[PDB]
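Participant: got a sequence here, can you build the structure:
(9 chains)
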Amino acid sequence: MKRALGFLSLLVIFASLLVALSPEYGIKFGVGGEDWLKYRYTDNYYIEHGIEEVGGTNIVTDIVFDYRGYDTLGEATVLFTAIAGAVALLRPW
Amino acid sequence: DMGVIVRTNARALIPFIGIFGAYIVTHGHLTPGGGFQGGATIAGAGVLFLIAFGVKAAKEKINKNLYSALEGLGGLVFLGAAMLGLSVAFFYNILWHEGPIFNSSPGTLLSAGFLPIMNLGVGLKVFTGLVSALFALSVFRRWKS
Amino acid sequence: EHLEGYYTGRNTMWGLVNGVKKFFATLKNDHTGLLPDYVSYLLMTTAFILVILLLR
Amino acid sequence: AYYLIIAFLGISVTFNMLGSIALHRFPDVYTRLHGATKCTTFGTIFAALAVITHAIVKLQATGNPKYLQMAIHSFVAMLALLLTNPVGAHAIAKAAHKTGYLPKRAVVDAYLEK
Amino acid sequence: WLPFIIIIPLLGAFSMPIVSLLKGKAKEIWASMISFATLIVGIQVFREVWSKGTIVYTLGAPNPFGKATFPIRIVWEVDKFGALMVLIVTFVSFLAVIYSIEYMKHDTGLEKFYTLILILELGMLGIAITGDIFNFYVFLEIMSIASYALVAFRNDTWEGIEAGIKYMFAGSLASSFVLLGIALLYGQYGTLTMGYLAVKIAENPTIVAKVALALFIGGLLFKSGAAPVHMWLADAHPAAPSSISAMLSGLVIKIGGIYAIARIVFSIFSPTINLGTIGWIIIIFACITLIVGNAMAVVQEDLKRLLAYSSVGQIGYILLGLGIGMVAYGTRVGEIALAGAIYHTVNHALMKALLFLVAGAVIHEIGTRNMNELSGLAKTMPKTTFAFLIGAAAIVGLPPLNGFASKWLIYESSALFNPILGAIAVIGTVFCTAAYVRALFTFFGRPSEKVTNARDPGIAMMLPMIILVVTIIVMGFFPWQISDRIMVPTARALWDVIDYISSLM
Amino acid sequence: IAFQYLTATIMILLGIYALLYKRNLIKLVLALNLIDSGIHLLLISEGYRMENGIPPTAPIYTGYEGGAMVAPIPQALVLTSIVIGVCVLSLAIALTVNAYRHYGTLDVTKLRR
Amino acid sequence: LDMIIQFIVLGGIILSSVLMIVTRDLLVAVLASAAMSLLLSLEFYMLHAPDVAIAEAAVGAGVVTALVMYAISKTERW
Amino acid sequence: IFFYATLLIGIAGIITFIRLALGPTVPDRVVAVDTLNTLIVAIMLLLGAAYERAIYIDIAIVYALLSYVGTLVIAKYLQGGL
Amino acid sequence: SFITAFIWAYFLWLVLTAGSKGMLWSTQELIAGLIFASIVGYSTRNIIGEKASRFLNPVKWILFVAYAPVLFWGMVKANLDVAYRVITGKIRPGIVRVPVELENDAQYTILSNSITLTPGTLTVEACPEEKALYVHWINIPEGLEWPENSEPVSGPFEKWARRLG
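Facilitator: Residues are numbered from 1 along each chain as shown, chains lettered A, B, ... in the order given. Coordinates below:
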């Protein structure tokens, strides 16, 4: 029935994504040398000018609370509605 | 509702988890850790308390209201330090570009602009959230209807 | 002995009602209500759009 | 004073291998738990202490607090593992005894009488 | 004057558990006020964007540029089309918060309810306001989580936890294709924004750039009523409180499902790929959706399931207009259909909110979902049935109401384009006329034995009806004035990509 | 192809496979957790960096010595994603436990309208 | 040397996933789910990311197993 | 010198994970996890000096406290409570 | 019993951070240690307590060092014997009840963990009311299935655990 076609579609999307991640047609594993300034330039900017823009010697807890702070606010709102939903439907009948 | 040895080792271990979970949350500028990572650890301490002692000893030591008003009060502080520099842009970090107190040299405590306040806010939110989520499951009603 | 919604009392060429009922029967019992139906439908939709977009 | 490092690493790995090899050798669960708990929790001690001798030597060359902080934060992990593992061994042993489990070749069993 | 659409709902949501300790009725009168202020701020931001400009905004520095030449911070872009979504989501939300004071008060635990219904209209503004590609995922997730938690709220009923599981276990899979697309689109190009990514997409096309579009659109087509994947809505509408289904048939289908397709095709992925391929890919689902949605919307016997299957057949008109609006680029024919598929969203949201609130009052009063047993309901409940009569005449389109001129545009576009799709549309609009005429004849009959002891609702369940009917009548006096001042310049600034990426710089 | 990418893709395939042919509902919830873990493993692995001569240290700057520092963008994304994962897990557990007190079994193919 | 240890860990993860989805006891499934999160946490340590390793172990060890055990206590186990 | 012993402990990790695959019962299967946790705590103290950077050690003390609660939940489940 | 939890928290804070102000502690970190250890202490003072301040007596502490080598020196003779039981070993397993004569609950812990860590034994179900332990032996030599005192079971660990409390 239907689920045979579902598994065939799963095999097609698996093979296509396996084509995508290959270094001959697509993305590259283990970048280094010249490609660090062509594919990861924004991260090079966050490493270089990171100390004296914000303060705080860490980097991952620097771009998650200062540059991209609005996403952490959205994340906290997600967890708040998770707790409100997981308590509100577990009440007695 | 466990034996004897497990209960006394809960007595020894719960402050050992608690003070370390405050150590991670306080030093979020320097070492790995920060908001959520220290949020889960104190919740692990709460799980060890709720298991080693039981439902009876935990029911009249956890009230619903105080673990529900602090889930919100720990969020406002996240917007508390997010409206300070509103005369320039939405965040803009006015404790650093001349703020009074959190303005020291960038190696130690008290360093960055408003990061310790946000780490305290997120940790206080996550601990109360996970504990009040698990306690309401452990009571639920009964195995049968 | 009150009446329900019966807004049909006529038959054109009396050769269309059979095809309309044979159309509604299959479409009516397609909607089973099992979760692998939902999942298989969105999987084959994703594969269909991918196969068309690769060629042209 | 480098010989302590090779000796400690040797004793640590020769007891960790003996601990994890002691599962396709014993018949029943208890003896299995009697091998894995005593050996590995010992051998991991000679892991962590072998770091400490590696640390302070590098403190005696160039004085910097990143090598002082390392020794304390290894000693704390040693203490935590030390006082949390055998209680887990107790809990799994008593939970294993309930729901079945004659300890197959038991000579005497002084716990079924309750 | 535009941070205050995110500040005020967060201040209403994070401050509700500490004002519910007044244990009376402050827990509602705080929510109504804190939802009313957002309407004022929405009107003012609508006026400010229609006065001048396409305003960008930057969180942090006064510019989205440090000592560099590419964006760093998170930027907001609220060009002319996002302003209508901001203006129409802050209106039905107010009219559905002041609604449920008398409905949903026999039930228990309505302290979590108001903070969930305030999160709903918080995670639906941020999809409109944003111009970043990862922020889109968080704001698509907030809306989905609280919409999972509002469906299965009455947990003690036989099938309230049966619709919630069906919607949960498929939505939480469809919302991870998007995250795999973002993970696969980061590592190839390197930046994370929506303006500067359309620059980088142009020089080096890759197979990654099409893989990360295929399943990207296949994910966003689940948060709609697209034709093979439309089954969760059909049983998520009868298993809901009626204040939820008014804000789920009208709004969450056409923010997370139509607006997102329009934005991430017309702005990111359109200097490179042919639009003519994506047009014929969309238009096939637009033609399955009409027949599949409005064919089995006439075999029914339930009341709210009728409206659920009638709100999946109106999505086919929107996809057909938005599909024809791509295979023809800047001309006259394919420009009046993209203009004809924006006006139908705002009309469909208004009339379907009006048509679910009235079904909520009827189902609350006598308590039977079946539409065959109740007849002559207009003998002992007149005003409710008159509101239903206006709301039923406005869907198919009668020329004194506003549903006419919103659909004449799609008719003449699909007729000047190809004469087969016009015949498809005419079939799809015969069947819905048949459904609403049949359900109209069941209500003007002899008073049955289950109706005769009944009354009308109060005032706060009757006051939204008046505002909605007055709005969609006076909106119908001026159809061709409002279709040239607003919604032709709206649709001309959707394929105007060069000014988009140039006002970012 | 590299090996981390291939392992993550096998994890995604096993998750979507177990969500089709399995009927016990807790096993579906564990399958959703498996899919999220697979995407996270794929997402960090593409920030790793090899300068061909310098070992790749982690970007913290407390006692930085000779070392290349890997890309510190995806780790923010992964923390924000793990929070949503434990959210969906908690709500699915609550709804599943509540579903047992309305009919006896724990099957997914016996839910009709 | 680094690649070899990393291939050992990435070999462990696949076998834990297969054993989790095949079996029929729920308790074996939760044991495999608590082994897989550990073998993923060690790999997030090997790719030089401590902040993800702490959150991964702290979620997948203490909270997920202690949240699934109440669920399989309140329902059937087979 | 601090990498070879890591591979030697990884051999014991292989021979310990191969017990969790088979195993005729359920309580035979938990002692594999209880061994494997202390093995991985033993691993993350040797690699923290092979990289010569002393902030990784603060992960291991986190990890050696939470496997304890993971053990106690399962043991209390099939022990008789809740 | 605020004071016991306060001291046991603040000592762990103050040993846990020892890298600032050159090497000593700080001038600034001690205040944050005070307030955070105070919150941790006040939040948990009704569990760690109950006649638990006897461990702040300093005359106990030196005694702990007097217990440190023996527990180590008996541990070396444990694992080594385990080696002798792996390469061609013989096993006679059993569970044997042991009449221990302690009181005063916490002492039952220190006698218990030293059974499952020294030469070879295992602890199951220490009951205080019946005044006994149930130790799993691996050897059980020649007709000592019902022991008088815990001389063949442990070494002199009951004398050490009768102190420390």
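Participant: which strand or helix spans the residue of the stretch 1-150 of chain E at minimum distance from chain F?
Facilitator: Among residues of the stretch 1-150 of chain E, the one nearest chain F by C-beta to the nearest C-beta turns out to be residue E:141. It sits 5.8 Å away. The C-beta positions use only the backbone N, C-alpha and C, and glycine is treated the same way. Taking DSSP states H and E as the criterion, the element that holds residue E:141 is helix E:135-151.
Participant: I'd like the next helix or strand past that helix.
Facilitator: helix E:160-189.
Participant: stretch E:298-318 and chain C, are they touching?
Facilitator: Yes - for a cut-off given as C-beta under 8 Å from any C-beta of the partner chain, stretch E:298-318 has contacts with chain C, namely residue E:299.
Participant: so how far is stretch I:63-73 off the chain centroid?
Facilitator: Its chain's C-alpha centre and that of stretch I:63-73 lie 11 Å apart, by C-alpha atoms, centre = their mean, to the nearest Å.
Participant: same check on stretch E:309-323?
Facilitator: On the basis of C-alpha atoms, centre = their mean, the separation between the geometric centre of stretch E:309-323 and that of its chain is 12 Å.
Participant: pull the contacting residues for residue 86.
Facilitator: Just going to use chain A. Residue A:86 makes contacts with B:133, B:136, F:90-91, F:93-94, as judged by C-beta atoms under 8 Å, 6 or more residues apart in numbering or on different chains.
Participant: think we crossed wires, I meant chain E
Facilitator: Neighbour list for residue E:86: E:5, E:42, E:45-46, E:78, E:125, E:128-129 [criterion: C-beta under 8 Å, 6+ apart].
Participant: which of these sits closest to residue E:446?
Facilitator: Compare each of the contacts of residue E:86 with residue E:446 using C-beta to C-beta and the shortest gap goes to residue E:42, at 47.2 Å.
Participant: residue contacts, the nearest residue to the closest one once chain neighbours are set aside?
Facilitator: For residue E:42, the nearest residue in space outside its immediate sequence neighbours is residue E:90; the separation is 4.0 Å by C-beta to C-beta, 6 or more residues apart in numbering or on different chains. Shown in contact with residue E:90 (C-beta under 8 Å, 6+ apart): E:38-39, E:41-42, E:121, E:125.
Participant: out of those, who's the most crowded?
Facilitator: residue E:38 (25 neighbours; other C-beta atoms under 10 Å in any protein chain shown).
Participant: go ahead and confirm that one touches residue E:6.
Facilitator: No - contact between residue E:38 and residue E:6 fails when scored by C-beta atoms under 8 Å: they sit 9.9 Å apart.
Participant: so which residue is smack in the middle of the chain?
Facilitator: In the absence of a named chain, this looks at chain A. With the centre of chain A defined as its mean C-alpha position, the nearest residue by C-alpha atoms, centre = their mean is residue A:71, 11.7 Å away.
Participant: sorry, I should have been clearer: chain H.
Facilitator: When chain H is reduced to its mean C-alpha position, the closest residue under C-alpha atoms, centre = their mean turns out to be residue H:37, at 1.2 Å.
Participant: just say helix, strand or coil for it.
Facilitator: Secondary structure for residue H:37, judged by DSSP: H, G, I helix; E, B strand; the rest coil, is helix.
Participant: chain neighbours aside, what residue packs nearest to it?
Facilitator: The shortest distance from residue H:37 to any non-neighbouring residue, by C-beta to C-beta, 6+ apart, is to residue H:67 (4.1 Å).
Participant: what's the one helix or strand that neighbour maps to packed up against?
Facilitator: Residue H:67 belongs to helix H:57-77 when assigned by DSSP H and E. Packing contacts for helix H:57-77, counted by 3 or more C-beta pairs under 8 Å, 6 or more residues apart in numbering or on different chains; DSSP states H and E, involve helix B:5-26, helix B:35-52, helix D:68-97, helix G:26-46, helix G:50-60, helix G:64-74, helix H:27-50.
Participant: need the ones you listed in JSON lines with distance to residue E:28, can you?
Facilitator: Supplementary listing: those in JSON lines, determined by distance: least, C-beta to C-beta, whole Å:
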{"stretch": "helix B:5-26", "distance to residue E:28": "36"}
{"stretch": "helix B:35-52", "distance to residue E:28": "32"}
{"stretch": "helix D:68-97", "distance to residue E:28": "50"}
{"stretch": "helix G:26-46", "distance to residue E:28": "43"}
{"stretch": "helix G:50-60", "distance to residue E:28": "36"}
{"stretch": "helix G:64-74", "distance to residue E:28": "33"}
{"stretch": "helix H:27-50", "distance to residue E:28": "51"}
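Participant: in helices only, show me the contacts of residue E:90.
Facilitator: Within these, residues falling in helices by DSSP state H are E:38-39, E:41-42.
Participant: export these to TSV and append columns for distance to residue F:24.
Facilitator: Formatted as TSV, the entries for the ones in helices among the contacts of residue E:90 read as follows, by distance: C-beta to C-beta, whole Å:
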residue	distance to residue F:24
E:38	45
E:39	48
E:41	49
E:42	47
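Participant: farthest pair within these?
Facilitator: For these, the maximum inter-member distance is 7.4 Å, found between E:39 and E:41 (C-beta to C-beta).
Participant: the residue lying closest to residue D:65 once chain neighbours are set aside: what's it in contact with?
Facilitator: Computed as C-beta to C-beta, 6+ apart, the closest residue to residue D:65 that is not its neighbour in sequence is residue I:19, at 3.9 Å. By C-beta under 8 Å, 6+ apart, residue I:19 lies in contact with D:65-66, D:68-69.
Participant: who wins for neighbours among these?
Facilitator: residue D:69 (24 neighbours).
Participant: contact partners for it?
Facilitator: For residue D:69, the set of contacting residues under the criterion of C-beta under 8 Å, 6+ apart consists of H:54, I:18-19.
Participant: I'd like those residues as TSV, with secondary structure appended.
Facilitator: Rendered in TSV, the data for the contacts of residue D:69 read as follows (three-state DSSP):
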residue	secondary structure
H:54	coil
I:18	coil
I:19	coil
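Participant: nearest to chain E, of those?
Facilitator: Of all those, residue H:54 has the smallest distance to chain E: 31.1 Å, by C-beta to the nearest C-beta.
Participant: that closest one against residue F:65, yeah?
Facilitator: No - counting by C-beta under 8 Å, no contact exists between residue H:54 and residue F:65, whose distance comes to 11.0 Å.
Participant: quick one, which of those two is more surrounded?
Facilitator: residue H:54 (24 against 9).
Participant: got the contact list for that one?
Facilitator: For residue H:54, the set of contacting residues under the criterion of C-beta under 8 Å, 6+ apart consists of D:55, D:66-67, D:69-70, D:73, F:63, H:48.
Participant: from these, which is closest to residue A:52?
Facilitator: When the contacts of residue H:54 are compared for distance to residue A:52 (C-beta to C-beta), residue F:63 wins out at 18.7 Å.
Participant: quick one: contacts for that closest one?
Facilitator: Residues near residue F:63 by C-beta under 8 Å, 6+ apart: D:64, D:66, H:53-54.
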